[PDB]
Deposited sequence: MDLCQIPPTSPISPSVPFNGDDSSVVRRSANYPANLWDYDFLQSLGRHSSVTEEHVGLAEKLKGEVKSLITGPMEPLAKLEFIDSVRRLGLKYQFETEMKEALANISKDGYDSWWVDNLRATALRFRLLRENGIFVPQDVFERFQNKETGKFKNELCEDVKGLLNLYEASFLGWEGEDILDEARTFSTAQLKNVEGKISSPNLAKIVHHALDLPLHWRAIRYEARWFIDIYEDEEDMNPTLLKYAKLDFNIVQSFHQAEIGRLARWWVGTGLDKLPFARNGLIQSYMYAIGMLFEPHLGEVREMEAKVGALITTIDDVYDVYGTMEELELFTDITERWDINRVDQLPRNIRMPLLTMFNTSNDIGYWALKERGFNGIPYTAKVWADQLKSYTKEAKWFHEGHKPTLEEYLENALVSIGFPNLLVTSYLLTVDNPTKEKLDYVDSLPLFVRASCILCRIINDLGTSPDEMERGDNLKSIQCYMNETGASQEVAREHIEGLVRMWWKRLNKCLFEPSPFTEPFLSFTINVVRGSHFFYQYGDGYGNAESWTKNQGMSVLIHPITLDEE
C-alpha cells in the first residue's frame, strides 16, 4: 500500500466487467423494489438499516426516505410501542432521515421515580444495542438520551461476554468501540458485508448487490489512486524527508469524507489538498526555521511567488506544489462551475499557514494557551476549514462570493466539524495538556472533559441537520463524514491501517 510503483499502476486494468455492471443494474432494481415494496414495519426498518450499513444509502436515498415517511405517518404504533428494540431502531432511522421523534418515546423504559432505565432491560441485548446506537442521534438537553447512552454502554459492557451468537457478540464489541453514527461509511460497509452474510435475517439479493456495488465503486478508487500516485511522484514530494505516506493517508481519509464514484474529481482534489496539509504540517513542525516559515506564510498571504527562491529546495517544492494545486483547483471551479475559486483556495491556505505560524510562535516563546485559545487556532491548523471550504467551492450549485464568504466565515455547523476533527485527533499545545494547564485537572479528568466536548459538538451537529440550512448535499454529508473519518483513524496501528487500506482499496470481494 506504501509503494508508488504499485499504486501508479492501479487503474491500468480492473476485473470489473460490463457483465458485472449490467448485473448491478438488475440487482439495484430488486433492492429498490424491496425497500418500496410490502414488508412488516420492524423488518422494513432492519432492511433499510442493513442497506445503509452495507454502504448503499447513496443508491437508494429517495426510496429509503419515502419508506420511512410512510412508516412515520402510520397511526398504528403497536408494532413498536413497549418494544425497546423496535422503539430505538425507529427513533434512530427516523432522526437520521430528517423525521423528528421525541426522546419521550423512551420514558416508559425508565423508573418514573429515579429517571434510571429499568433493570429488566439489562438482559435484552438487541434492545440495549439499538438504544445505545439511538442515543448518539440526541441533541443538547435531551436528558433521557444522555441517560440512555450511559445506561446502554454500562449494560452492553456487562453482557458482551454473556452473548451466545458469535455474530451478535462481534456487533456489540464493534459498537462499544465506536457507535454506528460515528463510523466512516465506506470502511464500515467493508466490515459489515462479512457480518451481514453471517446474519440469519440476511437477504441474499441485498448481500450480492452490496458485494458487486462494493467492487464497482472500488474500481473507481483504484483509478483515482493511480492518478494521485502519478501526480505525487510528479511533484517530487514523495522523495522529501518528511510526510512519508502522506498521499495514501490523505486518500484513505478522503474515502471517509466521500466515497461515491460521481464525486471522483472532487475526491481527488480533496486528497491532493490533504497530502499537502500533512506535508506542510511537517515543514512547519520539524523542518523550517522561523524565518523560512515566516516567508512561506508571507508568500502565501500575498499569493506572490517573487521571493520563493530564497527558500531551500525541500521547502520551495512543497510551497510551489501548494500554490500550483490551489491554482489548479480554483481553475477547475472556473472551468466546471463558472466561478474562479483561486481567491478561496489562496485564502484558506493563508489562514492555515497563519495557524501553523501561531503554533510555532507559541512553541518558540514557551506559551501555554488556554483550551479555548488553543482550539480557536487548532480548529484551523487541523486543516478542515481548508478541506471543507474547498469541497463547498467544488460542489455548491450556483457558487457566488456571498455563498463562499459565508462558508469561509465558519458558521456553527462547519466550526463544529472542524473542532471535532481537531479534538478527536488530539484524543488519538494539545487539547488534553491545555485543559490540564488551565484547571490543574489530572490527565484522566482532562481526557474525560475533552470526551464530553466531542459528545457536545456531536449534539450540535445533529440538531443543525434538522434545521433549515443554506447548505445542500453533498456539503451537508461532507461536514458529518470528515468527523467519522477522524473517529475511524484516531481510535500495530500500521498493521490495522494497512488491513483497512488493503481490504477497502486493493482487494476486491470474492463473488461466486
**Message:** Taking the deposited sequence as numbered from 1, list the residue ranges that were left without C-alpha coordinates.
**Reply:** 1-35, 464-474, 538-543, 565-566
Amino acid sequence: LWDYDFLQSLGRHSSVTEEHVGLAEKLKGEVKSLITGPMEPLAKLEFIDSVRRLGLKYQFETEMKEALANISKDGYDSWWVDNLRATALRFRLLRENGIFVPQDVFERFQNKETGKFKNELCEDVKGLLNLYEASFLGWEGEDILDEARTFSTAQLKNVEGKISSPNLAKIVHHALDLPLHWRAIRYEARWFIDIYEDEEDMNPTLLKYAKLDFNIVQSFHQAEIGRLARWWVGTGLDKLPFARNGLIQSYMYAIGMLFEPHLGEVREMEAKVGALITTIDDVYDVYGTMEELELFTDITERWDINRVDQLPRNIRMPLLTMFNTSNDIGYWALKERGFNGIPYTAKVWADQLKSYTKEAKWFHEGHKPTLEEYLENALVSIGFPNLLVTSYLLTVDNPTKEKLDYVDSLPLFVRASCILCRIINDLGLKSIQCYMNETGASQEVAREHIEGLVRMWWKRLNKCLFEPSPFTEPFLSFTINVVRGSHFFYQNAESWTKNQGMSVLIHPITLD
From here on, numbers count along this sequence of modelled residues.
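Definition used throughout: the rigid core is the maximal C-alpha set that superposes within 1.5 Å between two forms.
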**Asked** Which of 237-245 and 154-162 lies farther, on average, from the shown form in 5 other deposited structures of this protein once the rigid core is superposed (C-alpha RMS)?
**Response** 237-245
**Request:** Going by root mean square C-alpha distance after a core fit, say whether 283-291 or 99-107 is farther from the shown form in 5 other deposited structures of this protein.
**Result:** 283-291
**Item:** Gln491: gap in at least one third of other compared structures
**Value:** no
**Fill in**
Stretch with higher mean Cα temperature factor, 466-474 vs 31-39, is 31-39
**Request:** Could you settle it for me: does 345-353 or 235-243 have the higher average Cα B factor in the PDB entry?
**Result:** 235-243
**Asked** Say you rank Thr278, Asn437, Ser135, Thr297 by Cα B-factor from the PDB entry; which sits at the top?
**Response** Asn437
**Complete:** Residue set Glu270, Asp146, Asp328, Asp77, per-entry CA B-factor max assigned to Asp77
**Complete:** Of the three thirds of Cα B-factor ranks in this chain, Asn314 occupies the highest
**Prompt:** In terms of the CA temperature factor given in the entry, to which third of its chain does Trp182 belong: lowest, middle or highest?
**Reply:** lowest
**Message:** When the deposited Cα B-factors of this chain's modelled residues are ordered and cut into thirds, is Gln110 in the lowest, the middle or the highest one?
**Reply:** highest
**Lowest, middle or highest third - CA B-factor, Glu372** = highest
**Request:** Could you look up the Cα B-factor of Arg52 in the entry and say which third of the chain it sits in: lowest, middle or highest?
**Result:** lowest
